[PDB]
């Protein structure tokens, strides 16, 4: 069983993976495939990869002790994108749109 706040977190995750947000969320659905995208320095710059599928694996595996642990991974995913990319990159705008969803839903958690 998931914690009560973790159930809410799992619900936020389900929304982030859902068709509603797919126009901006899709780059975050799986780990960055550095070689497929020809980002040959990605793993040098980003030492701790994170993406929504990994958050799902961890949630399903009951790895998060609390909502804070969940949020730290979601924010890591966004932060990796901001860290790697020039701020004017299209993927940064997509990350930001998804983060707006995340931060709003997470903040509204009673």
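Numbering follows the first chain given and starts at 1. The term rigid core refers to the maximal set of C-alpha atoms that superpose within 1.5 Å between the two forms.
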Please pick 68-76 or 30-38, whichever has its Cα atoms farther from the shown form in 7 other deposited structures of this protein after a rigid core fit.
30-38
Determine, for stretches 96-104 and 18-26, which one has the higher mean CA B-factor as deposited.
18-26
Got a sec? Mean C-alpha B-factor, which is higher, 57-65 or 75-83?
57-65
Third of the chain's Cα B-factor distribution that residue 41 belongs to, per the entry
highest
